[PDB]
Structures are given as C-alpha cells and as structure tokens.
Amino acid sequence: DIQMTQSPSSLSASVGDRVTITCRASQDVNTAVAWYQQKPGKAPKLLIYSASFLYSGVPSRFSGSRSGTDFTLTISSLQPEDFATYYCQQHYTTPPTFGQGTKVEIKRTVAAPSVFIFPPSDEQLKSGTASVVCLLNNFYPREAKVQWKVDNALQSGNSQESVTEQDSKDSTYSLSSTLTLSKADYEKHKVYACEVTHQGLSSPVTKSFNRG
Amino acid sequence: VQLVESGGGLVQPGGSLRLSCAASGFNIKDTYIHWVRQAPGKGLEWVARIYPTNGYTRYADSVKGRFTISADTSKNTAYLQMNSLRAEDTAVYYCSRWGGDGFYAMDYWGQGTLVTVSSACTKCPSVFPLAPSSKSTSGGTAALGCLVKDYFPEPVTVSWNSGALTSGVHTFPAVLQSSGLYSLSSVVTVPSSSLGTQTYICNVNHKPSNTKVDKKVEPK
C-alpha cells in the first residue's frame, strides 16, 4: 500500500495567511493525486484534481503542486470559511490511499464567552432525573475551564462537555457542560453554579440559580 | 449529478446490512463507483470500488472477505453488502464516482449513511426545553434551547422554527453518557425582547427510531 504521509496533523493561522499542507507519497504516483476539503458533518468536496488542476467552482486561492513525491495544497489567503479537515488522496494504484488529514483552524482576536445557565425542566424532573446545562457562547481561544459547584461543593465525574466546531463566519467556538443528578439528589441542594475561566475574562465568571 | 445513500443503521456484531447508492444525472455504466468510510472522529478510508459495466471490483484489506460491492445498471444503483460486521466497521459510509472529461478524482460524493455495529438497541430521544430565564439573559440577548437526551444510535438532527431560524443556533456534537446513550443540546441566542412575542420550537429528528418531535420552548 502506497502511504500518503500528510503533514501537519493540525494547523492554526490568521485570516489572509498563506497556508501550506504537504503529502509525501511513499512511492512515485506521478500526478495522480487529488485534494479534498471536509467540513464537519459533511461529505468531502474535491478541490484539486491531477495534483495541480483547480476543480470548477473552487476559489482561486486554492492551488496544488507536485514536486516529485511531495504534493502540496496552498491556501494563499486563508478565509474564515476555510476551517475544515483537508485530505490528500493518491489514485495511481489500488488501493487508492488517503492521507491522515490536516485540521485547519483560523486564528482570530480573543473573544470572551457569553455564559448562560439552564435549570432542569419540570418535565425532566417529573421523569425522575435532573440535567443542568451551562452554555459558553462564541469564544476564542477554544481553551476554557468549566467547573460545577453545587452549594459550593466542586463537582467531579458527574458532568460532560461538548464543543462545537469552529464557526465558518466568526471563527469562534461554543461549549456546553451538562451536570447530571437524580431528582432526589438535585432536591437536596439549593445553589447550582457554573464557573467559567477563559483568556478573555479578567476573573472567572459564575452563573448560578437557586432551586425553586 | 447526485449520489444518494440509504440502508445505514444499527446492526448487531456478526450481522449483515446492504447499503444502496442511487445515482442520478449520469449513468453508472460510464464511471467507477467507490465506497469510502469514516469512523467517528477519524479520517477517510477507501473501502471498495466497482466498474458497473463489467463488474470488476477491488476491496480494502480491512473489509476483504466480508464486504461485497455490486450494481443494478437498470436501477442506476450500486450496493455494499456487509457480512460479519464488527464494532470497527461503525462509520459513516459514502459512495463516490470517478468521473468527468479527465478528472479521474472523486468529484461527486453522496451525503453519507451511518452504520452502527453494536449489541445495544434503539432508544428514541427524550426532548426537554432549556427555558430562557433571567439567568439566561446577557444585556438584550437571551439563550434558549432543547436537550435531546438518551437516544441510540446516532444521529439526531435539530432545526429551529422548521428551518426559519438558523442564525445564532448551535447544535452540539452528541456525547456518549455512561449509560451508553447519546445526549446533545441545541441552543440559540435571540433578542431578549422577543421572548414573550416570538415562538421558538426545536424540531428533533431521530430516523433510527422513526421519531420526530417539535418542542415549544417558552420562558420560565
């Protein structure tokens, strides 16, 4: 199997920057290489065919080049909508092999999250369980710390986080943290709080509510 | 030109499943058809290919002896028969063509079909509102949403106001809870002044259990 060694695995650059993604084919594959762009939850889209030909409809800022066994995809002026995982593919021999992919992230100015807290619904409480949700909206960088405190007790092992993929227009992330307790455990406490630590915040922000 | 996959879903380990790839706007007899898969959070992996006119096929070593690709040229459809499915076969399966004037790359792909190889069973989601409150405001902007909980297998889709509300919407990637069931929230930031005036309804769809839920999210 001809390996397509893609590098780097991840990449972060500002808008307007020139980004270069390389694939070193372990064997000669002449110009039989294609480049694909994959947005989260979507099918890959063809960018470059035959190592250097721009596929119809693809912006001119994308370019492909071959230099022996090394192939490159260049985005001359990185745009916010270029957040995606890029993959090279050789089709010289069977099996057609894909590179491991390159995750391209867009650098932007620091943006503090807007924090929101959501108590469990009465419908869910009736059903005997309590989920408390904390939302961190539109922030940059991705690194954020969310701590749950139930009557000042730091919670551990009873919450789960989810982070959205970078926004294609404003380059921010969003995060949800869900604290799960039984209705019985939930009714034994009063203040439910989520404390957020982020680069855009002077000091940690706390959002909370009193049960009732 | 369009490629449309169907047939994905939950199947037990050792089980069998046949995926379909219905092509339109072109003749599959003129092109090669490929199957490419992607495990959750992983990269792309070519699985199989066929030349429908003469039925010549090729497979990846990871699926050889268990998967079979075929085609019905009158129906303009290709198939992926999967036998003895393993947990490692869980992935979104895409079909693709090798076409054009001289592209010889995969120019058109299908939307994909998720195949879950698990001994667990189907659970529809429980949908609860994430009500906008005084604790869900931030200077003229309120947040509201829906918690889509305890479903299996993936996926679920969420939309707001039948697709009329898209800006400010964030549907989070599902997470697997300790129970082995998925959970996610879909939130939207709206003007605080719209709370008692605009109606907000989340439309949840869980095709694996034929479930469609429309939950109205009211302040309180």
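Just so it is clear: chains get the letters A, B, ... in the order the sequence lines come, proteins before strands, and each one is counted from 1.
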Mutual orientation of the aromatic rings belonging to A/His91 and B/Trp98 [parallel < 30°, tilted 30-60°, perpendicular > 60°]
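Tilted.
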
Measure across [X] and [Y] and return the closest heavy-atom pair with its distance rounded to 0.1 Å.
X	Y	answer
A/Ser162	B/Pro173	OG-O, 2.6 Å
B/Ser138	A/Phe116	CB-CE2, 3.9 Å
B/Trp109	A/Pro44	CD1-O, 3.4 Å

Side chain, backbone, both or neither: which part of [X] has a non-hydrogen atom closer than 4.5 Å to chain B?
X	value
A/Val33	neither
A/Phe53	neither
A/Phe209	both
A/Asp122	neither
A/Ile48	neither
A/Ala43	both
A/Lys42	backbone
A/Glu123	both

Side chain, backbone, both or neither: which part of [X] has a heavy atom under 4.5 Å from chain A?
X	answer
B/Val36	side chain
B/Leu176	backbone
B/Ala143	both
B/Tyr108	side chain
B/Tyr94	side chain
B/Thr141	backbone
B/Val47	neither

Where the side chain of B/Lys135 meets the backbone of A/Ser208, is there a donor-acceptor pair that is under 3.5 Å apart?
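Yes, B/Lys135 side chain to A/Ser208 backbone: donor-acceptor pair under 3.5 Å.
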
Heavy-atom pairs under 4.5 Å with chain A: which of [options] has the most?
options	answer
B/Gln38, B/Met106, B/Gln111	B/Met106
B/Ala105, B/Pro132, B/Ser136	B/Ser136
B/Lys42, B/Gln177, B/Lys220	B/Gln177
B/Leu184, B/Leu144, B/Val175, B/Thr137	B/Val175
B/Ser178, B/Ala174, B/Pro129, B/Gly110	B/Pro129

Sort out for me which of A/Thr85, A/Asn138, A/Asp167, A/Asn137 touches chain B most, counting heavy-atom pairs under 4.5 Å.
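The candidate making the most pairs under 4.5 Å is A/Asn137.
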
Counting heavy-atom pairs closer than 4.5 Å to chain B, which one of A/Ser56, A/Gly101, A/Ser131, A/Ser176 comes out on top?
A/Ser176

Would the number of heavy atoms belonging to other residues, nucleotides or ligands and lying under 6.0 Å from [atom1] of [X] be above 12?
X	atom1	result
A/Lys39	NZ	yes
B/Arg58	CZ	no
B/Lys212	NZ	no
A/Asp28	CG	yes

Could you go through the side chain to side chain contact (heavy atoms under 4.5 Å, CB included) check for B/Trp46 and A/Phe98 one step at a time?
CA-CA 8 Å; B/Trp46 175 89; A/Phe98 287 97; 4.2 Å; yes

If you apply the rule side chain to side chain contact (heavy atoms under 4.5 Å, CB included), what do you find for B/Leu44 with A/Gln38, and how did you get there?
CA-CA 10 Å; B/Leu44 300 168; A/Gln38 190 182 36; 4.3 Å; yes

Reported [atom1]-to-[atom2] distance for the pair [X] and [Y], which is rounded to 0.5 angstrom:
X	Y	atom1	atom2	answer
A/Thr180	B/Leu147	OG1	CG	8.0 Å
A/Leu135	B/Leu130	CG	CG	9.0 Å
A/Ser121	B/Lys215	OG	NZ	8.0 Å
A/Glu165	B/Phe172	CD	CZ	11.5 Å

What I want to check is whether the side chains of A/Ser174 and B/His170 have a donor and an acceptor closer together than 3.5 Å.
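A pair is found: one side chain offers a donor N or O, the other an acceptor, under 3.5 Å apart.
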
If you apply the rule side chain to side chain contact (heavy atoms under 4.5 Å, CB included), what do you find for A/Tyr49 with B/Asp107, and how did you get there?
CA-CA 9 Å; A/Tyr49 62 98; B/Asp107 59 328; over 6 Å; no

